[PDB]
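Student: Residue numbers (the authors' numbering), protein chains in the order written: chain B, 8 to 126, 133 to 340; chain G, 12 to 60; chain A, 11 to 47, 208 to 250, 264 to 302, 309 to 324, 330 to 364, 371 to 394; chain R, 30 to 176, 178 to 240, 266 to 339; chain N, 1 to 9, 13 to 126. Note that the Cβ used here is the ideal one computed from N, Cα and C, for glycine as well. Let me begin by handing over the structure; questions about it come next.
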Amino acid sequence: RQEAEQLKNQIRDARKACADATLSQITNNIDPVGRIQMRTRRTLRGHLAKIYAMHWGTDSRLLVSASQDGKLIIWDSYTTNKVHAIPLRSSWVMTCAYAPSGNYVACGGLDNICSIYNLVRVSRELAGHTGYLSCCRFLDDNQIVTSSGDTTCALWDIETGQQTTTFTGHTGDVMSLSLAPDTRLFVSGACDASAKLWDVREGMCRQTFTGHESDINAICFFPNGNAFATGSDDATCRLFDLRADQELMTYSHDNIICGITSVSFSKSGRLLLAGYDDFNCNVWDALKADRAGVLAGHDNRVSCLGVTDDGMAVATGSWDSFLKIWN
Amino acid sequence: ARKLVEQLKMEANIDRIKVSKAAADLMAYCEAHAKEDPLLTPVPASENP
Amino acid sequence: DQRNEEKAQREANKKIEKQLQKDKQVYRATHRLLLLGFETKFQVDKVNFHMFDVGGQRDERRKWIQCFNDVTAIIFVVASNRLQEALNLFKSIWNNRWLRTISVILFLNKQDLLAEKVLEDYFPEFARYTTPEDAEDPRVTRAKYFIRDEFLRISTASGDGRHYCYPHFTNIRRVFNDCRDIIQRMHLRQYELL
Amino acid sequence: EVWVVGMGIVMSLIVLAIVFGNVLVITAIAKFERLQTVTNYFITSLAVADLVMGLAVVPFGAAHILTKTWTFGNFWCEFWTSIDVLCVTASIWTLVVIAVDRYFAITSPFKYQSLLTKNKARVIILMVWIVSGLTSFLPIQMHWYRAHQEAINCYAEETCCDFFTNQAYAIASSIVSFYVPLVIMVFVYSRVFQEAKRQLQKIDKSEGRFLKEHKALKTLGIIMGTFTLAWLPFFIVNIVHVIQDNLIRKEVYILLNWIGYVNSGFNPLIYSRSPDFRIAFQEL
Amino acid sequence: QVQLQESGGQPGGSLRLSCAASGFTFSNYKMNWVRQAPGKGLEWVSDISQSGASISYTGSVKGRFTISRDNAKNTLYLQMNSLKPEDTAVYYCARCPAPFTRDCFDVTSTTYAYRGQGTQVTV
Ligand SMILES: CC(C)NC[C@H](O)c1ccc(O)c(O)c1
């Protein structure tokens, strides 16, 4: 009741005690890189409906797309062809996944089931949730850090279909997650304006960051392991930390009203892409909110985004069945 | 309720480093790896598939 | 080599694009529905109805309801203060950004439940009510035609010619004869003809 | 002197009114890739059959009435007459196949999106451009129309490049030209306007308490009424000049057939009423 | 964070309920009150638009109460004129989950928790 209202004030005093300066003040440094732009180098016109989420492969070529038409097309970003075209049980999928060994593709959406495919037939249908799924990632070839909408990030085992650790307790719908480069801890943005980093080893919360005013759509992670950025439905992309526990910047302009749909960093972390909702996707510079390119294109949405393992060419999805590759 | 009161104590027994040193590592990572940034640095047309 | 690898995938690029175009003539002929408050497929005179459902998902609908923005008709089944909490749902589907161009079908519930309990108004503008005609009793048709007027009181303030409400009073032939009216009135508003 | 000097700009406005309005249907369909639906391939045949007229018929039709002598000579006036029929029998037949595309969408609404794809929208423009070529390059080049009082005095001799049809070429081709597109495009717009005055009578039964039918009869007068006005008297004179001679008048076959060449000037202003075209034009 | 505190308190008297909004911008959020009598589920009571235009109500609390947001002190006020014995309910000050919208899904169950309790009003 009232016995826990004073313990939170010990954190708000401590998190403001470590606020020595700002990123906006200590970056009196070299100039921004000017207006950058990218032209659509490919166009993967194969789908029939909206692309809700894709995932660029670990091979830096073979991306996997997942649309609401029932298709899971394992594309090819080099010869534009289609290596496979996997049909699905239920017509909706909201996320797809790619193993780092390049030999597994996981996909599953509003049908409450994370299915496992091996690049054509099913392998294991890891049911057990009581909500829609929102993001699936691979740790190794037998372990996935799934999200849900039932307030619970889980961790299945593809051998014998068991839930090893249930990262429970978020008081709201969970949305897209990410993964550290060390693959031992993962953040989870959710519909409570709270990006709560968990821990795979222990199996509970390690921190909890709150800097948003509305629900969180998608999230990313920094390419070293000491930060992560988060986009929400109020046209903002806040950049948090892990050793200072406070947000540093807020990437927002005056005119933008539409909410963020997907966020992913570059290879060196300097360029923070952001898939907006007003039919384009900006390129925010991570040390100063310069907005160094409008990067137009699609005419319905920018529903998902993803950068390669080598940082070569991003792949903004859409809601009119067109992927585009930008280098 | 009775479980949230024990959960903030497990977040209060963790030290932290100030922003001027915790954001000094992100500056050292966005500057040293600038030679291997194919989106920031425009690669030549002889290798850009 | 560099001559068999291009034919390694072009035999798979042209065995798949000859299959997707044989599946494109099935997705284009399936009409998606949504029985808003587990899939089912029925047909009526050789057209495929891909009627969805939401039964297992929780009661917080703001992120699996923008996943249904290509559906042609949201079957908004409602009952006859249960109405007021089930009208702000319809108030929010209408004024939404992604479900804006989706013409809602509305099914009021069993009319004997509004006929047994009258022989309880919960609204201020129910006493001064001038009832319309073409019903059956005047003590029942004055009550049934109020929520059928209240649900249509919002549907004309943001109609804009794109999406209308098509209220009924309860059967697959009554959706087939109304899903045709959605397709005809969609093709007519783009011709600058309606 | 001054009468032909005033026509040297107004008839040379028609050539510029075409190519400044019928490149906004070419360079705004093959560019934006969003409005490239199946029903905007038919309209692409309304700016390609249009550009044959505005670049190879309408400018060359000005030099025939400015200098009053065909400088190109023979073996071209059997082709300029054969390229003018091809740009008229296809600019009218496409107006049918756009309208039958509309009539099948409304009066058969469940079997249009899944039985008319982009793999048979180049069959039903090929089958139209082969009917418009069958009455333009087959009779007017193999000389099936050369019939004779003055039809053999100037049609094959020297520098008398005009139109002298036979007693059956101006009847059996002016049925395929106009009067077959006036049975199909009147039966289409009497089973489509019967629908557009039924939904406006079924909306106002469950909605109409919270005439306005001048929306329907405005875009059925700038579609159906601008086509049976600019091409109707020009294809009612062509059946009279062969069957009789009482309507010759020397400038009601030239300055009255020219009012059909401005029917193609409004076709990028009428069939571009979709809202996807209105946004794509401001960027150019 | 998003702190939604509440304040304020014989059938037929009067009551005035005040709140706060610390953490977000208050100029562009479609705030609304939601009450729940004990034993039953949550109901709807009121609404406030982004400027003070579309002041809606429910069926039974129509005309009696009067609500106006301030938009200057991050506060909205629910003036309860001529209260009733059927208003024995706890009054949660809800929130509209997206800036610049015209829809609200803020009626349902306990899927939001980071908010003050809301004062108990009994008759
Ligand atoms: C006078 C010539 C140059 N043009 C004839 C006219 O355009 C025409 C069009 C279509 C026909 O079928 C036709 O007989 C005549």
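Whole angstroms are fine: how far does the CA of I269 of chain B sit from the CA of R228 of chain A?
Tutor: By one-based count along the third sequence, residue 228 of chain A stands at place 58. By one-based count along the first sequence, residue 269 of chain B stands at place 256. Rounded to the nearest angstrom, the two C-alpha atoms are 31 Å apart.
Student: Measure the alpha-carbon distance for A324 of chain A versus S59 of chain N and round it to whole angstroms.
Tutor: Counted from its first residue, the third sequence places residue 324 of chain A at position 135. Counted from its first residue, the fifth sequence places residue 59 of chain N at position 56. For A324 of chain A and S59 of chain N, the distance between alpha carbons rounds to 31 Å.
Student: Residues of chain N with CB closer than 8 Å to the CB of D354 of chain A, please, in chain order.
Tutor: Your numbering for residue 354 of chain A matches position 160 in the third sequence. Correct list: empty, because the minimum Cβ distance to chain N is about 13 Å.
Student: The beta strand (DSSP E) with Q179 of chain R in it runs from where to where?
Tutor: If you number the fourth sequence from 1, residue 179 of chain R lands on position 149. Here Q179 of chain R belongs to no beta strand (DSSP E), and DSSP marks it neither H nor E.
Student: Which term fits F217 of chain R, buried or exposed, when burial requires 16 or more other beta carbons within 10 angstroms of its beta carbon?
Tutor: Within the fourth sequence, residue 217 of chain R is the residue found at index 187, counting from 1. Exposed, since its Cβ has fewer than 16 Cβ neighbours within 10 Å.
Student: Report the neighbours of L30 of chain A on chain B: residues whose CB is nearer than 8 Å to its CB, in chain order.
Tutor: Residue numbering aside, residue 30 of chain A sits at position 20 when the third sequence is read from its first letter. Result: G53, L55, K78 and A92.
Student: What distance in whole Å lies between the Cβ atoms of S250 of chain A and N292 of chain A, which are believed to be in contact at a cut-off of 8 Å?
Tutor: Looking up residue 292 of chain A in the third sequence gives position 109. Looking up residue 250 of chain A in the third sequence gives position 80. About 5 Å; that satisfies the 8 Å criterion.
Student: What whole-angstrom Cβ distance do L70 of chain B and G77 of chain B have, given they're in contact under 8 Å?
Tutor: To locate residue 70 of chain B, count along the first sequence from 1; it is residue 63. To locate residue 77 of chain B, count along the first sequence from 1; it is residue 70. Rounded, the Cβ-Cβ distance is 18 Å, inconsistent with contact.
Student: Using 8 Å as the cut-off, can you tell me whether the stretch 225-232 of chain B makes contact with the stretch 324-332 of chain B, which would need three or more C-beta pairs spanning the two stretches below that distance?
Tutor: At 8 Å Cβ cutoff, the stretches do not touch.
Student: Using 8 Å as the threshold, is the stretch 109-116 of chain R in touch with the stretch 152-167 of chain R, meaning 3 or more CB pairs across them?
Tutor: Taking 8 Å as the limit for Cβ pairs, the verdict is that the stretch 152-167 of chain R does touch the stretch 109-116 of chain R.
Student: With the cut-off set at 9 Å, would you say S120 of chain R and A78 of chain R are in Cβ contact?
Tutor: Your numbering for residue 120 of chain R matches position 91 in the fourth sequence. Your numbering for residue 78 of chain R matches position 49 in the fourth sequence. Against a cut-off of 9 Å, the Cβ pair of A78 of chain R and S120 of chain R comes out as a contact.
Student: Pull up the CB-CB distance for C99 of chain N and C22 of chain N, whole angstroms please, since I reckon it's below 8 Å.
Tutor: As a first step, residue 99 of chain N is located in the fifth sequence; it is residue number 96 there, counting from the start. As a first step, residue 22 of chain N is located in the fifth sequence; it is residue number 19 there, counting from the start. The pair is not a contact, with the Cβ atoms about 14 Å apart (cut-off 8 Å).
Student: Is the number of C-beta pairs between the stretch 116-123 of chain B and the stretch 146-153 of chain B that are closer than 8 Å three or more?
Tutor: With a cut-off of 8 Å, the stretch 146-153 of chain B and the stretch 116-123 of chain B count as touching, because enough Cβ pairs lie within range.
Student: Have a look at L311 of chain R and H296 of chain R and give me their C-alpha separation to the nearest angstrom.
Tutor: On the fourth sequence, position 256 is the one that residue 311 of chain R refers to. On the fourth sequence, position 241 is the one that residue 296 of chain R refers to. Each residue's alpha carbon lies about 13 Å from the other.
Student: Is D354 of chain A close to ligand 1? I mean its beta-carbon at under 8 Å from any heavy atom of the ligand.
Tutor: Counting from one through the third sequence, the residue named residue 354 of chain A turns up at place 160. No.
Student: Taking just the CA atoms, how far does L4 of chain N sit from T284 of chain A?
Tutor: Locating residue 284 of chain A in the third sequence gives position 101, where the first residue counts as 1. Locating residue 4 of chain N in the fifth sequence gives position 4, where the first residue counts as 1. Spanning the two alpha carbons is a distance of roughly 34 Å.
Student: Relative to chain N, which residues along the stretch 183-199 of chain B have a C-beta separation below 8 Å, given in chain order?
Tutor: Going along the stretch 183-199 of chain B in chain order, one finds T184, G185 and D186 with a Cβ nearer than 8 Å to chain N.
Student: From the DSSP output, which residues share a beta bridge with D153 of chain B?
Tutor: Numbered from 1 along the first sequence, position 140 holds the residue referred to as residue 153 of chain B. Answer by DSSP bridge pairing, in chain order: B:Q156.
Student: For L282 of chain A, name the three-state secondary structure that DSSP assigns.
Tutor: Looking up residue 282 of chain A in the third sequence gives position 99. Correct three-state label for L282 of chain A: coil.
Student: What would DSSP say about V110 of chain N, mapped onto helix, strand or coil?
Tutor: Indexing the fifth sequence from 1 puts residue 110 of chain N at position 107. In the structure shown, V110 of chain N sits in coil (DSSP, three-state: anything other than H, G, I, E or B).
Student: Anyone know if the C-beta pair for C317 of chain B and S275 of chain B falls short of 9 Å?
Tutor: Stepping through the first sequence from its first residue, residue 317 of chain B is reached at position 304. Stepping through the first sequence from its first residue, residue 275 of chain B is reached at position 262. Result yes, Cβ atoms of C317 of chain B and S275 of chain B sit closer than 9 Å.
Student: Beta carbons nearer than 9 Å to chain N: which residues of the stretch 201-222 of chain B have them?
Tutor: Flagged, chain order: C204, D205, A206 and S207.
Student: Considering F290 of chain A, what are the terminal residues of the beta strand (DSSP E) in which it resides?
Tutor: Within the third sequence, residue 290 of chain A is the residue found at index 107, counting from 1. Here the beta strand (DSSP E) through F290 of chain A covers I288 to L291.
Student: Is there at least one non-hydrogen atom of ligand 1 closer than 8 Å to the beta-carbon of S143 of chain R?
Tutor: Taking the fourth sequence and counting its residues from 1, the one referred to as residue 143 of chain R is at position 114. No, Cβ of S143 of chain R sits at least 8 Å from all heavy atoms of ligand 1.
Student: Between the Cα of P14 of chain N and the Cα atoms of N:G55, N:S63 and N:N84, which residue gives the shortest distance?
Tutor: What you label residue 14 of chain N is simply residue 11 of the fifth sequence in a count that begins at 1. Of the listed residues, the one whose Cα sits closest to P14 of chain N is N:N84.
Student: For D354 of chain A, which of helix, strand or coil comes out of DSSP?
Tutor: As a first step, residue 354 of chain A must be located in the third sequence, where it is residue number 160. Three-state result, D354 of chain A: coil.
Student: Using only alpha-carbon positions, find the residue among N:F27, N:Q120, N:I51 and N:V37 that is nearest to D90 of chain N.
Tutor: Residue mapping note: residue 90 of chain N aligns to position 87 of the fifth sequence, counting from 1. Ranking the options by Cα distance to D90 of chain N, first place goes to N:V37.
Student: Can you tell me which residues form a DSSP beta bridge with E306 of chain R?
Tutor: In the fourth sequence, residue 306 of chain R corresponds to position 251, counting from 1. Paired residues: none, contrary to the question.
Student: Give the residues of chain B in contact with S31 of chain G, contact being defined as C-beta atoms less than 7 Å apart.
Tutor: On the second sequence, residue 31 of chain G is found 20 positions in, with the first residue counted as 1. Ordered by position in chain B, the residues that pass the 7 Å Cβ test against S31 of chain G are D27, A28 and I33.
Student: Could you check what DSSP says for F180 of chain B in three-state terms: helix, strand or coil?
Tutor: Against the first sequence, residue 180 of chain B aligns to sequence position 167. It is a strand residue.
Student: By how many angstroms is the C-alpha of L168 of chain B removed from the C-alpha of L255 of chain B?
Tutor: Within the first sequence, residue 255 of chain B is the residue found at index 242, counting from 1. Within the first sequence, residue 168 of chain B is the residue found at index 155, counting from 1. If you take the alpha carbons of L255 of chain B and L168 of chain B, they lie about 22 Å apart.
Student: Which residues of chain B have a Cβ atom closer than 9 Å to the Cβ of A22 of chain A, listed in chain order?
Tutor: For the purposes of this step, residue 22 of chain A is identified with residue 12 of the third sequence, where counting begins at 1. What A22 of chain A touches in chain B: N88, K89, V90 and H91.
Student: So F199 of chain B and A193 of chain B are in contact, right, with Cβ under 8 Å, and what is the actual spacing, rounded?
Tutor: The count along the first sequence starts at 1 and reaches residue 199 of chain B at position 186. The count along the first sequence starts at 1 and reaches residue 193 of chain B at position 180. Yes, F199 of chain B and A193 of chain B are in contact; Cβ-Cβ is about 6 Å, under 8 Å.
Student: For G225 of chain A, collect the residues of the same chain with a Cβ closer than 7 Å to its Cβ; drop the 5 residues on either side in sequence, then sort them by chain order.
Tutor: Within the third sequence, numbered from 1, the residue matching residue 225 of chain A stands at position 55. Answer for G225 of chain A: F208, listed in chain order.
Student: Tell me whether the beta-carbon of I348 of chain A lies closer than 9 Å to the beta-carbon of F290 of chain A.
Tutor: By 1-based counting over the third sequence, the position of residue 348 of chain A is 154. By 1-based counting over the third sequence, the position of residue 290 of chain A is 107. No, Cβ-Cβ distance for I348 of chain A and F290 of chain A is not below 9 Å.
Student: Whose C-alpha, out of B:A203, B:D205 and B:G216, is nearest the C-alpha of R197 of chain B?
Tutor: What you label residue 197 of chain B is simply residue 184 of the first sequence in a count that begins at 1. Of the listed residues, the one whose Cα sits closest to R197 of chain B is B:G216.
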